[PDB]
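The chain below stands alone and is given in structure tokens; this is the form deposited in one PDB entry.
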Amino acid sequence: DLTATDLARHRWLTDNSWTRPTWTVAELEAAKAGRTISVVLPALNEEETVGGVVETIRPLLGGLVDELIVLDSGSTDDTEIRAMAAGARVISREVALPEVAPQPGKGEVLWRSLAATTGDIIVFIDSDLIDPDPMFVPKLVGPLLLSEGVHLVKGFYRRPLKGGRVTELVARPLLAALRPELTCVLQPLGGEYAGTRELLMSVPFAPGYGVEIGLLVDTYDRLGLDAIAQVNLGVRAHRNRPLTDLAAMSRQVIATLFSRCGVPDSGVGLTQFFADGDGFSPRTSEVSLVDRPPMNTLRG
């Protein structure tokens, strides 16, 4: 009947998951107790949405939130200037961490943001969200401010009563196989999450689209379920990404899970083919992004 995974997951849901994370901004400010909060929006060519995300967070500046930074990854559209006008601080990868040459991918941006921020709590929110809700940051920081022993909070979106394909086909099944207690986390790949500086400075950062799952597993391997919480951010329909983006995402999720769980990885990516009447000429990507070491090895 019941397994040890079932028992732990059920109890974790009752203690470390909030379906209605309704703490008030005032009570969260009162609980800061000298701690400061930084909010980071990673961004690459998100000109249509970045300002709207910033606008939903900026009312918290000077109270709950101490800094609001857009960490730009080399946009060629109007991402940076729209973020400026909307009321954020825009910092490039190069200014965030001058002593290390950048490499591509989302994980690099989040890692570098640790060097550019000062908060005791760092909140990450994706910059591609349409009409996000102003209560995202309060909900994400609640367990960090109020619940002893929590270092990582994952924000999830409620599923309607009536596409998450990488989460449900790749990430959750692989966690079931390799780290089954972590199947408790509803949206392990979600981009809205918060952590303590103590935690985040102490773990390596996986590259590209592996960053979220890498942080989740590294936290678990150091502190177990007790240190991880999740909060319901409300409704939000699934994003529709191209299938080729998704297969590449899956491949990086696999690589990052394997690196943390002791499984070797070939470094071989997926193959694209030149196709014509003479057949299919393969071109296969190979690994070129490295994990970044804990930021404590360079700062603080």
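Residues carry their position along the shown sequence, with the first being 1. We call the rigid core the largest set of C-alpha positions that still match within 1.5 Å between the two forms.
Absent from the display: the form deposited in another entry. The rest refers to it.
Relative to the superposed rigid core, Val25 undergoes a CA displacement smaller than 2 Å between this form and the one not shown. The Cα position of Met295 differs by less than 2 Å between this form and the one not shown after fitting on the rigid core.
Relative to the superposed core, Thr36 undergoes a C-alpha shift smaller than 2 Å between this form and the one not shown. Note on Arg9 and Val217: their C-alpha atoms are more widely spaced in that other deposited form, a change of at least 3 Å from this conformation. Note: the CA-CA distance for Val217 and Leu289 contracts in that other deposited form relative to this form, by 3 angstroms or more.
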